[PDB]
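Let me begin by presenting the structure, written as C-alpha cells, before commenting on it.
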Amino acid sequence: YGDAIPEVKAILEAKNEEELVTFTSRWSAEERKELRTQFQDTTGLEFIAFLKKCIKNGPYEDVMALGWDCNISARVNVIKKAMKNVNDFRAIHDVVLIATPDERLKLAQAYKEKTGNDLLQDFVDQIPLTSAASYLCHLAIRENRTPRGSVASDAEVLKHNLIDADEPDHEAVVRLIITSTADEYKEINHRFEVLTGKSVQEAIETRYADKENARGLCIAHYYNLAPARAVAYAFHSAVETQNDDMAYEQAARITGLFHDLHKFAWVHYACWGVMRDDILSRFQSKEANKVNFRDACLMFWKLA
C-alpha cells in the first residue's frame, strides 16, 4: 500500500476519474478496507471524505463512495439519505429487501450505533403503513421466513390479490412473499405460473401502477428465487428508467452495494439482455458527473 497511497492521492488531486477507475480495479474488498486505513494513517485524511472532496458530486462520485466503503456502512448511509426528505422507497427497498437475516441484524446494529435510534423505530415514526412499499419496509425487518406447507393455496392468494380482486390486500401479499422460505417460494412461483399463465413479475407490474410499489414487490419476489436475481431486476429497473438522473442514481447505488455480494447478477440479467452490453449502451451521458459512470460500473461488476 506504500506506493499506492501517494498514487491515489495524486489521482484524486488531479480529479482523474478515468484513472480512479483503473486504480480501484486492483483491490479486493479486504484490501480496500486496509488501503483506506493506511491512507488515513499516512496522509491524515479520511479516504472517502477526501474522495468526495476531490470528485464532483453525482452518480460517478456515488458509485465510488459507496463501492470504496464497507458494505454495512454504505447501507446505513443509503437509508439515512433515503429518509432525510420524502422517503425514497427504491433506496430503502434495495437495502432491506436484498439482505440475509445476518445482514439485517448487522444493519440494525450499525444504524443504532450511528444514529442513536433503532431502525425499526425510525420506520414506525417516519413510514406510515399504507402502501405495499411501506409494508415491505416494515415487514422486511420484522418478519422471519418459516415454512407454511400451503404452496397451492399461497399461489391462489397471489393470483387472487394480484389479478382477480378489485384491490389487493397489500399487507397479505407482502407478508406472503417476505415470510416464504426459498424452497416453498420456488414451488409457489411455479404454481402461480401454471395457474395464471403469467409470471409473478408481470402480474405485479400490471397491478401496481405506482412504480416504487411494483418495483419493491418484484425485488422481494425475485430475492426469494435468488438474491442475485433481485439485484439483476433492480439493475434492469434502473436501465429502463427514462430519466437519466434517476437511472444513473439507481445504477450507482445497486452497483456500489451489490457488485461483490451479488457478483452473478449478470447471470439473471440475461433475461433482459447482456448486462455488459446494456451498461455500454445505456450509460452514454455527456454530463460531467455521468461521463465516467459507465466505466466505473463495468469495473465494479467485472464486465470491463
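Taken together, the values in this text are just the output of simple stated rules run on the coordinates, not laboratory data. Cβ sites come from the backbone with ideal geometry, for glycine too, and all protein chains shown count toward neighbours.
Side notes on the structure shown:
- Nearest-ten-degree value, helix 59-68 long axis tilted from longest Cα axis of the chain: 90
- Each part reduced to its alpha carbon centroid, region 139-172 and region 220-263 end up 24 Å apart.
- Across the chain, the mean sequence separation of Cα contacts (distance under 8 Å, 6 or more residues apart), normalised by length, yields a relative contact order of 20 percent.
- Fully extending the segment from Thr181 to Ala29, taken as 0.36 nm per residue of separation minus the present Cα-Cα distance, adds 51.8 nm.
- Here region 89-123 and region 196-213 have alpha carbon centers that stand 26 Å from each other.
- Folded to 0 to 90 degrees: helix 132-142 orientation relative to the chain principal axis, Cα: 80
- Rounded, prolate or oblate (a/c below 1.5 giving rounded, otherwise prolate when a/b exceeds b/c) for region 1-69 by Cα gyration tensor: rounded
- Rounded to two decimals, the Cα-based Rg/Rh of the chain, with Kirkwood Rh, is 0.99.
- Stretchable slack from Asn117 to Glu18, in nm (0.36 nm times residue separation minus alpha-carbon distance): 31.7 nm
- Here the chain is treated with +1 on each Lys and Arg Cβ and -1 on each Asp and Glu Cβ, and its dipole about the Cα centre works out to around 320 debye.
- Cα shape, region 135-242, gyration tensor, a/c 1.5 rule: rounded
- Placed amide H near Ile127: partners under 5 Å, 5+ positions off or other chain: none
- Sorted ascending by nearby beta carbons within 10 Å, beginning with the fewest, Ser28, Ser150 become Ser28, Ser150.
- Measuring against 24 Å, Cα to Cα, the residue pairs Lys52/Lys290; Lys56/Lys81; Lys114/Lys302 contain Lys114/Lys302 as the ones spanning a longer distance.
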